[PDB]
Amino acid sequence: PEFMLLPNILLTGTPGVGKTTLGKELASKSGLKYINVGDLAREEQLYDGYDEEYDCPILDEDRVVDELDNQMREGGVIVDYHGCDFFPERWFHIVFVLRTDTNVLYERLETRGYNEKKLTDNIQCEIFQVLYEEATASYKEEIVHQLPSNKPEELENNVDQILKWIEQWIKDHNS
């Protein structure tokens, strides 16, 4: 992988849509580095403030950017986070917003043990297409794509289509 130009990919969308499942499988099958922003924030304790209503530490956005910037500059990173408005626009060559039918997403999040308030917040987030709109506001239209993420066959199609995009991008950028 040394001395190859490699792309960076954002996987975004409501909690429960399948970002981590897709990201880890993509990294295994491409050799690109997988980064879970929530896990990274946990491991490196990148928090500032506590959110009273949602009951969780608040992500320190500047510190996350500082933590990751050098790696992103070097390329070949798949980043997984529900949001995207604070990332430098230059980081990503393509952005995928995974989408899940509300009925399907609810069962996933219920299985996680989310309580009523948290289930409702996330379910509304998806039905209002909040994170899709956040992606389109933050990145060029042409590099933002919605991916269906309801069934295992769709996960496989998503993996296949992205692996193929990665191969073409690498060819196009290592003439």
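Between two forms, the rigid core is defined as the largest C-alpha subset superposing within 1.5 Å. Numbers follow the displayed sequence, beginning with 1.
When the other structures are laid on the shown form by the rigid core, the stretch among 28 to 36 and 55 to 63 with the greater C-alpha deviation in 4 other deposited structures of this protein turns out to be 55 to 63. After a core fit, the C-alpha atoms in 4 other deposited structures of this protein lie farther on average from the shown form in one of 45 to 53 and 144 to 152, namely 45 to 53. Mean CA B-factor, 66 to 74 versus 50 to 58: the higher value falls on 50 to 58. Stretches 109 to 117 and 40 to 48 differ in mean CA B factor, with 109 to 117 having the higher one. Placement of the Cα temperature factor of residue 168 within the chain: middle third of the modelled residues, per the deposited record. Ranked by C-alpha B-factor against the other modelled residues of its chain, residue 35 falls in the middle third. In the PDB entry, a CA B factor belonging to the middle third of its chain's modelled residues is recorded for residue 137. Sort the chain's modelled residues by C-alpha temperature factor and residue 19 lands in the lowest third, per the entry.
Sorting the modelled residues of the chain by their CA temperature factor places residue 147 in the middle third.
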